[PDB]
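Worksheet: the structure to be examined is printed underneath.
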Amino acid sequence: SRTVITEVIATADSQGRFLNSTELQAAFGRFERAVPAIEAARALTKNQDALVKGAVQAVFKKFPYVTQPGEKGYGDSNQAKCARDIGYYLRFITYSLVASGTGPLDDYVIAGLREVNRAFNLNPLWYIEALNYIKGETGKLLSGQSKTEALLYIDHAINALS
Amino acid sequence: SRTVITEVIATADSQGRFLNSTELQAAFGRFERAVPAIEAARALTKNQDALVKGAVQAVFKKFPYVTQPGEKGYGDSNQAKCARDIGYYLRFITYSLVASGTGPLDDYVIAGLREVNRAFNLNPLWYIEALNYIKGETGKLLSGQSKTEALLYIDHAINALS
Amino acid sequence: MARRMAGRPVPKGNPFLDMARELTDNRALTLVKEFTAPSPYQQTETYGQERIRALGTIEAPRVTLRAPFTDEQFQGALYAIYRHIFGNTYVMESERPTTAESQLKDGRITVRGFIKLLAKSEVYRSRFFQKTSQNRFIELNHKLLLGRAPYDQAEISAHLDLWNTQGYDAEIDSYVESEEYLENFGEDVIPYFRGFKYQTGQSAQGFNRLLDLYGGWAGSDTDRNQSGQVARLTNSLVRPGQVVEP
Amino acid sequence: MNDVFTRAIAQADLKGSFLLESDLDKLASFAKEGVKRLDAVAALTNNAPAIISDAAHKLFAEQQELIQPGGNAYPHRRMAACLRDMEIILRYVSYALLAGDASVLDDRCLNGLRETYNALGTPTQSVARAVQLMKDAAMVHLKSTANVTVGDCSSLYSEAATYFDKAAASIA
Amino acid sequence: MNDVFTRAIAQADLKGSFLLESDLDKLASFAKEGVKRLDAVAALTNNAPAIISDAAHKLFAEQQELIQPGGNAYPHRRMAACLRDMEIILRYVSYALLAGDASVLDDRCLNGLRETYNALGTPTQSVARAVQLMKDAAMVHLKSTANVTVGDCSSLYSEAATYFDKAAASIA
Amino acid sequence: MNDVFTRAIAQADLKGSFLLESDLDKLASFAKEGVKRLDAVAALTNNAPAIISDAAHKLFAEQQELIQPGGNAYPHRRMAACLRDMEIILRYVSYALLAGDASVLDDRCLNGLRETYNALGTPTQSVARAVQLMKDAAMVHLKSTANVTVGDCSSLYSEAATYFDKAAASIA
Ligand SMILES: CCC1=C(C)/C(=C/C2=NC(=C\c3[nH]c(/C=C4/NC(=O)[C@H](C)[C@H]4CC)c(C)c3CCC(=O)O)/C(CCC(=O)O)=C2C)NC1=O
Ligand SMILES: CCC1=C(C)/C(=C/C2=NC(=C\c3[nH]c(/C=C4\NC(=O)[C@H](C)[C@H]4CC)c(C)c3CCC(=O)O)/C(CCC(=O)O)=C2C)NC1=O
Ligand SMILES: CCC1=C(C)/C(=C/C2=NC(=C\c3[nH]c(/C=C4\NC(=O)[C@H](C)[C@H]4CC)c(C)c3CCC(=O)O)/C(CCC(=O)O)=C2C)NC1=O
Ligand SMILES: CCC1=C(C)/C(=C/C2=NC(=C\c3[nH]c(/C=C4\NC(=O)[C@H](C)[C@H]4CC)c(C)c3CCC(=O)O)/C(CCC(=O)O)=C2C)NC1=O
Ligand SMILES: CCC1=C(C)/C(=C/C2=NC(=C\c3[nH]c(/C=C4\NC(=O)[C@H](C)[C@H]4CC)c(C)c3CCC(=O)O)/C(CCC(=O)O)=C2C)NC1=O
Ligand SMILES: CCC1=C(C)/C(=C/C2=NC(=C\c3[nH]c(/C=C4\NC(=O)[C@H](C)[C@H]4CC)c(C)c3CCC(=O)O)/C(CCC(=O)O)=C2C)NC1=O
Ligand SMILES: CCC1=C(C)/C(=C/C2=NC(=C\c3[nH]c(/C=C4\NC(=O)[C@H](C)[C@H]4CC)c(C)c3CCC(=O)O)/C(CCC(=O)O)=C2C)NC1=O
Ligand SMILES: CCC1=C(C)/C(=C/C2=NC(=C\c3[nH]c(/C=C4\NC(=O)[C@H](C)[C@H]4CC)c(C)c3CCC(=O)O)/C(CCC(=O)O)=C2C)NC1=O
Ligand SMILES: CCC1=C(C)/C(=C/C2=NC(=C\c3[nH]c(/C=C4\NC(=O)[C@H](C)[C@H]4CC)c(C)c3CCC(=O)O)/C(CCC(=O)O)=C2C)NC1=O
Ligand SMILES: CCC1=C(C)/C(=C/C2=NC(=C\c3[nH]c(/C=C4\NC(=O)[C@H](C)[C@H]4CC)c(C)c3CCC(=O)O)/C(CCC(=O)O)=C2C)NC1=O
Ligand SMILES: CCC1=C(C)/C(=C/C2=NC(=C\c3[nH]c(/C=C4\NC(=O)[C@H](C)[C@H]4CC)c(C)c3CCC(=O)O)/C(CCC(=O)O)=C2C)NC1=O
């Protein structure tokens with residue numbers, strides 16, 4: 001993955017050197033901030049189902065034609081598969097909160113995202129709106145710095161989609 | 001640009017030797033396929049306004065929501081630039097017909113397509129269905145070798161969009 | 001009365017009622033649970049990369065050296081170059097070419113030119129050329145200068161003829177000056193093992209051959225082995241699929 | 001690699017003799033009927049994304065086990081790898097179709113895919129299933145007499161089926 | 001490579017679920033002990049030459065045969081190999097102590113090291129002895145309480161020790 | 001490359017003295033207010049695609065010839081490259097904002113960018129106007145006190161404005 005710790009270790013290894021004070025400073029900052037990020041992760045994991053269902057409904061509201069019969073969104077399977085995709089995204093946001101870096105997001109979601117979306121005719125705008133709704137609701141759920149870290153990761157995923 | 005004789009020249013200039021028999025006869029086949037190419041380009045050329053208006057209206061027909069207000073398709077200026085976009089695709093298909101190669105296409109439209117589309121949120125489905133409408137019209141306008149050759153460039157651009 | 005208002009009687013004893021219940025009662029939620037359950041064979045994100053030895057090499061960052069590099073970009077670039085080009089072999093401080101490094105630091109030669117000079121250096125010869133057959137030399141040249149294993153026997157034939165006819169310097173220049181090296185790496189990028197991903201135009205066997213050549217992140221192409229740096233792909237290249245016993 | 005002409009030439013050379021009248025007639029027949037071969041290859045190339053989409057849809061509906069988390073094609077990158085593999089195999093079958101000989105297929109494409117997939121851990125059986133799904137989804141486009149002169153192309157359908165089956169049997 | 005966070009994340013993804021509450025508690029506790037682990041890493045890295053030289057002295061006083069002509073440390077070249085191998089192993093052990101997870105060792109440091117030492121004729125028993133000696137020499141520097149606030153760290157000592165034994169047993 | 005801290009260090013080294021307590025005070029003040037700087041640069045990074053799309057929309061609204069055939073960004077490829085350029089220079093402006101020094105932008109590109117656009121035929125004053133548009137689009141998000149702690153950041157606005165202004169002038 002690409003955490004702070006792992007990026008530190010990899011950049012030290014590539015240069016073939018030990019970890020001098022700068023990488024340890026970065027690691028210290030990461031360990032100091034682990035508490036707010038884990039707090040955000042536990043808040044997102046607590047309000048999991050509500051966030052997923054709200055995101056799906058927001059996607060439908062901004063994309064009414066997607067609900068039309070004989071089309072991509074219509075069908076119980078495609079509703080369930082929307083819910084599954086948003087669950088995946090939220091899972092990986094919590095993963096990146098815990099790992100205090102966009103490691104899991106880049107590894108799973110973003111890596112290869114563009115061409116698999118192209119090969120399935122999945123509009124990125126759907127997931128962009130879902131993530132915008134999750135951002136809006138986590139504004140309500142999370143107060144303080146957990147809010148900031150979460151919003152950083154949701155915005156990173158949004159940038160990757162857009 | 002990368003046309004048939006251009007491919008010949010470029011591949012031969014890589015090595016020391018001149019144009020040997022095989023690429024001479026490849027240029028041959030290109031020349032005796034030019035006549036169908038040029039006349040089919042004429043046929044597809046004589047119908048700018050009809051083709052562009054028909055494809056524009058077909059796109060609006062299959063995707064009626066863009067014509068609704070608040071969508072990126074709504075707007076007289078948006079319709080005008082829709083028309084110029086389809087005219088651009090048509091003129092570059094004509095160019096490729098004349099050049100007996102996708103050179104003009106890959107130079108003008110394919111090169112840097114996806115980045116621009118994501119920049120302005122344009123959907124490849126709009127243009128691909130417009131090209132499908134042109135597929136339909138060329139199904140009548142053109143006969144035999146002209147028809148097949150023109151359909152090749154049209155659906156090559158279709159694959160490029162997709 | 002109310003029971004009969006429900007509808008006309010349905011005959012009892014249908015064998016499909018268990019399937020009807022599954023299809024009816026919240027098919028969406030059951031579908032979500034079916035979708036998000038774990039698969040029978042558990043595979044992590046990097047399962048294939050770890051079952052292959054080369055997990056860490058793929059994760060290794062690409063290194064670049066542009067003209068206004070200050071200090072530690074240069075120091076890291078030198079270590080990366082010396083680690084990759086010399087096949088993870090130990091290079092003592094006496095053998096390190098200081099003049100080529102000075103030229104690189106001034107910017108007279110790009111990173112690619114420095115790579116070319118190292119390939120023509122005495123360390124590269126004394127390790128890979130002078131102690132091995134020509135097959136092993138070609139394989140090492142491919143793996144180090146180009147990052148990929150050889151694709152077929154035509155490469156060995158062409159490179160052996162080119163060496164025999166024009167010398168070691170021309171042999172090495174055919175690698176660095178090639179269009180493939182300039183496409184993948186260009187002037188300012190240190191070469192990396194790019195064969196572990198699918199490379200455009202590669203053969204089916206190239207991945208397996210690079211696996212044979214790699215031998216772990218620790219392992220290296222010494223020539224200090226008790227075997228003496230023998231070739232690895234002599235029979236894999238000319239007879240790709242088959243296996244024979246004399 | 002070989003086309004049919006080069007294969008016949010190589011056999012005639014190993015026998016050390018000129019090309020017979022029979023072999024010349026077979027190659028002339030191949031050349032005369034090569035136009036339909038061009039049409040078949042054009043059908044394969046113009047509809048490649050559609051063929052891959054149908055094959056992947058039917059494979060992952062047939063096998064929810066792959067896309068399912070922990071499975072192979074799950075992590076949203078291995079899925080792109082799967083689609084790319086479909087691309088490569090279809091491309092090589094189209095090459096072997098234009099050539100008229102399966103030499104490109106079994107030389108450039110599928111000598112080591114068996115052991116490559118065993119090393120990477122992917123289930124080769126699902127890959128073969130995916131390849132024959134590509135075969136089925138490609139035959140409907142190959143048979144499509146839309147906008148193409150009507151004729152007889154049974155031999156070409158058989159050839160394409162044999163190439164897809166060869167690829168599936170090798171990878172399986 | 002994986003630290004403890006990425007390790008737990010990979011397990012959670014395999015289960016296709018979020019991170020359980022207990023796992024979040026464990027990771028929060030791990031990050032609470034972050035500063036202790038940082039001092040341990042600083043002790044390893046700052047005192048790396050001292051540890052390496054002490055371990056080398058003890059190793060060659062133990063096995064005088066390595067430095068005899070004909071032994072496997074005789075000329076300056078393979079003695080530089082001695083010192084640089086020990087440096088790399090200490091480097092990767094400090095890495096694993098920082099990341100909390102021994103994955104960096106297995107992936108990179110000890111990847112093909114058995115095969116290297118078996119092809120090179122290097123006595124792997126001597127390398128294991130050198131690494132264990134390095135353990136004994138570095139525990140002194142980790143246990144050094146000078147210039148740091150006092151606090152129990154038996155978990156960190158056990159972690160560093162098990163990483164050194166992992167390296168030894170993967171070499172031996 | 002250089003930042004404000006290394007700039008002060010380098011000038012002190014050039015004069016050869018120890019660091020003055022006054023310059024220490026400026027660097028401490030920079031480190032105290034740098035938390036605001038992090039929010040500023042995070043705003044830039046998060047809003048980057050929206051900012052560059054806003055810049056493109058405003059430019060092509062106010063300017064027309066770049067669209068028509070014969071215009072510098074006319075072919076679809078060339079305007080893709082145009083967007084790439086504007087996002088690249090925004091990224092370098094984010095670098096400059098984070099570092100507090102302009103070196104990493106100027107010394108890296110601005111010496112050669114002018115002549116490159118001159119030789120390429122690209123109208124440079126148009127590029128400067130694009131920089132200005134993208135600067136105002138960024139200022140929209142940088143004055144945005146929403147979703148963050150409230151404070152005063154006029155000095156950071158001045159620094160971002162001068163970075164964009166300097167980049168625009170140096171392109172010209
Ligand atoms: C080199 C050849 C070439 C291509 C291919 C091209 C496509 C293209 N269309 C654009 C704008 C656009 N074009 C459209 C038209 C779309 N919405 C309509 O309803 C249709 C469904 C659909 C067209 C089929 C729209 C909505 C915009 C957005 C600009 C705006 O907001 O006014 C733009 C951005 C600048 C502009 O032209 O105004 C490009 C580059 N331009 C080129 O120079
Ligand atoms: C590792 C992380 C991961 C992600 C992110 C992921 C996304 C993803 N969603 C898929 C299916 C899908 N995804 C959607 C999109 C949703 N359905 C609609 O209700 C909504 C409008 C919309 C979301 C807002 C649809 C419609 C499908 C069905 C595609 C098909 O079978 O044709 C597929 C194709 C695999 C399949 O056929 O099941 C992928 C790869 N998969 C992953 O393994
Ligand atoms: C020129 C001929 C040629 C081919 C075709 C080829 C295939 C190939 N497949 C690969 C991995 C892969 N291939 C697949 C696809 C398979 N696994 C799933 O089960 C699917 C059902 C199935 C697709 C039909 C997947 C998922 C991976 C990733 C394996 C991993 O990362 O662990 C790789 C490793 C590089 C990469 O991951 O991009 C290669 C080289 N190599 C060649 O030289
Ligand atoms: C091919 C043969 C060759 C020559 C001719 C050569 C000269 C040379 N000296 C350099 C730097 C330097 N050279 C010097 C030495 C000079 N400055 C002091 O006044 C000294 C009194 C005086 C010594 C005669 C210094 C101090 C630098 C550092 C300049 C800097 O880093 O900015 C550089 C740029 C970086 C480097 O290579 O280290 C070159 C190319 N280098 C070569 O490889
Ligand atoms: C520098 C050390 C070195 C040498 C010399 C070497 C020899 C060598 N001989 C080869 C093929 C060959 N070798 C021979 C020679 C034999 N066949 C005839 O019947 C004769 C009885 C006999 C020669 C007296 C032939 C005819 C070939 C061609 C086979 C082919 O091209 O497939 C090849 C592979 C293809 C090529 O190079 O064109 C090598 C590498 N390999 C090395 O690493
Ligand atoms: C550069 C691309 C290109 C291609 C591919 C091409 C093929 C091609 N197909 C032709 C007719 C034909 N095409 C076909 C093949 C079709 N008939 C069968 O029903 C199948 C549905 C299907 C193939 C599977 C047949 C059978 C003919 C008539 C020739 C004959 O009697 O066999 C002809 C003769 C004149 C014409 O109709 O255009 C050509 C040159 N020409 C080109 O310029
Ligand atoms: C075949 C090439 C080769 C050489 C040349 C060589 C020299 C050599 N001498 C060594 C030890 C030593 N060498 C000396 C000798 C120094 N102190 C004495 O008083 C003198 C002032 C001075 C000698 C002129 C000492 C004291 C040590 C022990 C250092 C220690 O263990 O701390 C060591 C470190 C390992 C050991 O021997 O215990 C080497 C490598 N070894 C080799 O394999
Ligand atoms: C993943 C990081 C990494 C590791 C772990 C590593 C170990 C390593 N040690 C090596 C050589 C060696 N290493 C040793 C060290 C041992 N011999 C024993 O007697 C002593 C206990 C000890 C001496 C310090 C020796 C003697 C050689 C042989 C050098 C030669 O024969 O030239 C080599 C082969 C280098 C070559 O072929 O020249 C490797 C790969 N290399 C790496 O890049
Ligand atoms: C970036 C470089 C950097 C490092 C490495 C660093 C270490 C560090 N050590 C700390 C305290 C501490 N440091 C240690 C570690 C030592 N205590 C001894 O007992 C052990 C022998 C030994 C550990 C093996 C301990 C135990 C604490 C107190 C924490 C506690 O008792 O839970 C603290 C918290 C503030 C304090 O109370 O002093 C930090 C940040 N700070 C930095 O800026
Ligand atoms: C990483 C630092 C970096 C920068 C900054 C940079 C600028 C740059 N932009 C270029 C092309 C271009 N740049 C532009 C943009 C200009 N034309 C109009 O659209 C606008 C008014 C204006 C942008 C707002 C265009 C249209 C091209 C295409 C011209 C061509 O390809 O010939 C080129 C020529 C080579 C290429 O990119 O293909 C360079 C060097 N290059 C770099 O490596
Ligand atoms: C994970 C990355 C990261 C970020 C993003 C970060 C931002 C950050 N902003 C803070 C407060 C602040 N943030 C801002 C900046 C905003 N306030 C508005 O007025 C301006 C329009 C706007 C500037 C663009 C200001 C002015 C403060 C108050 C600082 C003070 O007390 O002087 C604080 C102090 C603690 C808190 O408020 O909870 C932090 C840590 N820290 C991080 O570790």
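Each chain in the structure tokens gets a letter, A, B, ..., in the order shown, and its residues are numbered from 1; ligands are numbered from 1 in order too.
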Item checked: Env. residues ligand 7 / 10 Å / only C-alpha atoms and all ligand atoms / as an MDAnalysis selection string -> chainID E and resid 53:54 56:61 64 66:80
Note to self: Set the distance at 10 Å and use only C-alpha atoms: which residues neighbour residue 132 of chain A once local chain neighbours fewer than 6 positions away are removed? I'd like the list as a PyMOL selection string.
What the structure shows: chain A and resi 55+58-59+126+138+151+154-155+158
Go ahead and write the residues just picked, C-alpha atoms, as a compact mmCIF listing (two decimals), in the first residue's frame.
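The new file again11.txt reads:
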```txt
# COMPACT_ATOMS: atom_id res chain seq x y z
CA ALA A 55 -26.12 7.75 -1.34
CA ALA A 58 -29.30 10.75 -3.95
CA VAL A 59 -27.90 9.17 -7.10
CA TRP A 126 -23.17 8.53 -10.46
CA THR A 138 -20.37 13.13 7.11
CA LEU A 151 -13.41 15.12 3.65
CA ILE A 154 -13.81 11.65 -0.06
CA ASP A 155 -12.49 14.59 -2.08
CA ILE A 158 -14.05 12.44 -6.14
```
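Sharing one sequence, chain E and chain D superpose at an RMSD of 0.5 Å, with all Cα atoms paired in order.
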So which residues are near ligand 9, meaning at most 8 Å away with only C-alpha atoms and all ligand atoms counted, given back as a tab-separated table (two decimals) with C-alpha atoms, in the first residue's frame?
```tsv
chain	number	residue	atom	x	y	z
A	21	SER	CA	15.04	12.29	11.46
A	22	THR	CA	12.70	13.59	8.74
A	23	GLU	CA	10.94	10.29	8.10
A	24	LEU	CA	10.62	9.75	11.83
A	25	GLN	CA	9.03	13.20	12.11
A	26	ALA	CA	6.50	12.23	9.44
A	27	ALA	CA	5.81	8.97	11.27
A	28	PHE	CA	5.36	10.87	14.53
E	32	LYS	CA	-0.54	5.11	20.97
E	33	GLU	CA	2.73	3.17	21.40
E	35	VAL	CA	6.62	7.14	20.20
E	36	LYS	CA	8.14	4.13	21.98
E	37	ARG	CA	8.56	2.43	18.62
E	38	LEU	CA	10.08	5.61	17.20
E	39	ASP	CA	12.72	5.68	19.94
E	40	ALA	CA	13.44	2.00	19.30
E	41	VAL	CA	13.95	2.75	15.60
E	42	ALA	CA	16.19	5.69	16.50
E	142	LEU	CA	17.20	-0.47	22.70
E	143	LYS	CA	17.34	-0.97	26.47
E	144	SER	CA	19.48	2.16	26.90
E	145	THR	CA	17.34	4.55	28.96
E	148	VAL	CA	14.73	9.16	26.98
E	149	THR	CA	11.82	9.17	29.41
E	150	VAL	CA	11.54	5.87	31.24
E	151	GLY	CA	8.75	3.44	30.40
E	152	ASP	CA	8.15	-0.29	30.10
E	153	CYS	CA	8.71	-1.55	26.55
E	156	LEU	CA	9.00	-3.69	21.67
E	157	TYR	CA	11.98	-5.74	22.84
```
Spatial neighbours of residue 44 of chain D, max dist 12 Å, only C-alpha atoms, sep filter under 3 positions, as a JSON list (two decimals) with N, CA and C atoms, in the first residue's frame:
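Generated file (part.json):
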```
[["chain", "number", "residue", "atom", "x", "y", "z"],
["D", 37, "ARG", "N", -12.36, -13.85, -45.76],
["D", 37, "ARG", "CA", -11.52, -13.83, -44.57],
["D", 37, "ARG", "C", -11.28, -12.41, -44.08],
["D", 38, "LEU", "N", -11.07, -11.48, -45.02],
["D", 38, "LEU", "CA", -10.95, -10.09, -44.63],
["D", 38, "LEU", "C", -12.23, -9.60, -43.97],
["D", 39, "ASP", "N", -13.38, -9.99, -44.51],
["D", 39, "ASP", "CA", -14.64, -9.57, -43.90],
["D", 39, "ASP", "C", -14.78, -10.13, -42.49],
["D", 40, "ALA", "N", -14.39, -11.39, -42.30],
["D", 40, "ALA", "CA", -14.48, -11.99, -40.97],
["D", 40, "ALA", "C", -13.58, -11.27, -39.98],
["D", 41, "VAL", "N", -12.36, -10.93, -40.39],
["D", 41, "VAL", "CA", -11.46, -10.21, -39.50],
["D", 41, "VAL", "C", -11.98, -8.81, -39.22],
["D", 47, "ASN", "N", -16.14, -5.09, -33.66],
["D", 47, "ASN", "CA", -17.03, -5.39, -32.55],
["D", 47, "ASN", "C", -16.28, -5.93, -31.34],
["D", 48, "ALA", "N", -14.99, -5.65, -31.23],
["D", 48, "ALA", "CA", -14.21, -6.18, -30.11],
["D", 48, "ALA", "C", -14.77, -5.76, -28.75],
["D", 49, "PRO", "N", -15.03, -4.47, -28.48],
["D", 49, "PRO", "CA", -15.55, -4.12, -27.16],
["D", 49, "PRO", "C", -16.88, -4.79, -26.85],
["D", 50, "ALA", "N", -17.75, -4.94, -27.85],
["D", 50, "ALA", "CA", -19.02, -5.62, -27.62],
["D", 50, "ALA", "C", -18.80, -7.08, -27.25],
["D", 51, "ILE", "N", -17.88, -7.75, -27.95],
["D", 51, "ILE", "CA", -17.62, -9.15, -27.66],
["D", 51, "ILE", "C", -17.09, -9.31, -26.24],
["D", 52, "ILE", "N", -16.15, -8.45, -25.85],
["D", 52, "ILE", "CA", -15.61, -8.53, -24.50],
["D", 52, "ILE", "C", -16.69, -8.24, -23.47],
["D", 87, "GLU", "N", -9.16, -8.82, -24.25],
["D", 87, "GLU", "CA", -8.65, -8.05, -25.38],
["D", 87, "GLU", "C", -7.53, -8.77, -26.11],
["D", 89, "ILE", "N", -6.50, -11.96, -26.08],
["D", 89, "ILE", "CA", -6.83, -13.24, -26.69],
["D", 89, "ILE", "C", -7.68, -13.04, -27.94],
["D", 90, "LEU", "N", -8.65, -12.12, -27.88],
["D", 90, "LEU", "CA", -9.45, -11.84, -29.06],
["D", 90, "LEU", "C", -8.58, -11.28, -30.18],
["D", 91, "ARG", "N", -7.64, -10.40, -29.83],
["D", 91, "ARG", "CA", -6.74, -9.82, -30.82],
["D", 91, "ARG", "C", -5.94, -10.90, -31.52],
["D", 92, "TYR", "N", -5.41, -11.84, -30.75],
["D", 92, "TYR", "CA", -4.58, -12.89, -31.34],
["D", 92, "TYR", "C", -5.41, -13.85, -32.17],
["D", 93, "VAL", "N", -6.65, -14.11, -31.78],
["D", 93, "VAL", "CA", -7.50, -14.94, -32.62],
["D", 93, "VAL", "C", -7.82, -14.23, -33.92],
["D", 94, "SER", "N", -8.01, -12.91, -33.88],
["D", 94, "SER", "CA", -8.24, -12.17, -35.12],
["D", 94, "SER", "C", -7.01, -12.23, -36.02],
["D", 95, "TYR", "N", -5.82, -12.12, -35.43],
["D", 95, "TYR", "CA", -4.59, -12.26, -36.21],
["D", 95, "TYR", "C", -4.52, -13.63, -36.87],
["D", 96, "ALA", "N", -4.77, -14.68, -36.10],
["D", 96, "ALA", "CA", -4.73, -16.03, -36.66],
["D", 96, "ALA", "C", -5.80, -16.22, -37.72],
["D", 97, "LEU", "N", -6.91, -15.50, -37.61],
["D", 97, "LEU", "CA", -7.95, -15.59, -38.62],
["D", 97, "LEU", "C", -7.50, -14.95, -39.93],
["D", 98, "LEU", "N", -6.92, -13.75, -39.85],
["D", 98, "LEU", "CA", -6.43, -13.11, -41.07],
["D", 98, "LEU", "C", -5.32, -13.92, -41.71],
["D", 134, "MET", "N", -16.22, -15.74, -25.29],
["D", 134, "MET", "CA", -15.85, -14.84, -26.37],
["D", 134, "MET", "C", -16.16, -15.46, -27.72],
["D", 135, "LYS", "N", -15.91, -16.77, -27.85],
["D", 135, "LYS", "CA", -16.23, -17.46, -29.09],
["D", 135, "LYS", "C", -17.71, -17.33, -29.42],
["D", 137, "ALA", "N", -19.95, -15.18, -28.26],
["D", 137, "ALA", "CA", -20.35, -13.79, -28.50],
["D", 137, "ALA", "C", -19.78, -13.26, -29.80],
["D", 138, "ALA", "N", -18.72, -13.88, -30.32],
["D", 138, "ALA", "CA", -18.13, -13.43, -31.57],
["D", 138, "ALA", "C", -18.77, -14.08, -32.78],
["D", 139, "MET", "N", -19.31, -15.29, -32.63],
["D", 139, "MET", "CA", -19.93, -15.95, -33.77],
["D", 139, "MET", "C", -21.16, -15.18, -34.25],
["D", 140, "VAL", "N", -21.91, -14.58, -33.33],
["D", 140, "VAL", "CA", -23.11, -13.85, -33.74],
["D", 140, "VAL", "C", -22.73, -12.63, -34.56],
["D", 141, "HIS", "N", -21.61, -11.98, -34.25],
["D", 141, "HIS", "CA", -21.14, -10.87, -35.06],
["D", 141, "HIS", "C", -20.51, -11.34, -36.36],
["D", 142, "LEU", "N", -19.90, -12.52, -36.34],
["D", 142, "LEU", "CA", -19.24, -13.03, -37.53],
["D", 142, "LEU", "C", -20.27, -13.45, -38.58],
["D", 143, "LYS", "N", -21.39, -14.02, -38.14],
["D", 143, "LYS", "CA", -22.46, -14.45, -39.03],
["D", 143, "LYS", "C", -23.29, -13.29, -39.55],
["D", 144, "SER", "N", -23.16, -12.11, -38.96],
["D", 144, "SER", "CA", -24.06, -11.00, -39.25],
["D", 144, "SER", "C", -23.96, -10.55, -40.70],
["D", 156, "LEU", "N", -15.12, -20.30, -42.74],
["D", 156, "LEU", "CA", -14.58, -19.27, -41.85],
["D", 156, "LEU", "C", -15.14, -19.40, -40.44],
["D", 157, "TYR", "N", -16.43, -19.72, -40.32],
["D", 157, "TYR", "CA", -16.99, -19.96, -39.00],
["D", 157, "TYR", "C", -16.28, -21.12, -38.32],
["D", 160, "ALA", "N", -12.70, -19.93, -37.21],
["D", 160, "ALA", "CA", -12.72, -19.09, -36.02],
["D", 160, "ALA", "C", -13.06, -19.90, -34.78]]
```
Checklist line | Distance filter 7 Å around ligand 8, atoms: only C-alpha atoms and all ligand atoms, out as JSON, numbers by chain | finding: {"C": [88, 89, 90, 217, 218, 219, 220, 221, 222, 223, 224], "E": [66, 72, 73, 77, 78, 79, 80, 81, 82, 83, 84, 85, 86, 88, 89, 108, 109, 110, 111, 113, 116, 120, 122, 123, 126, 127, 130]}
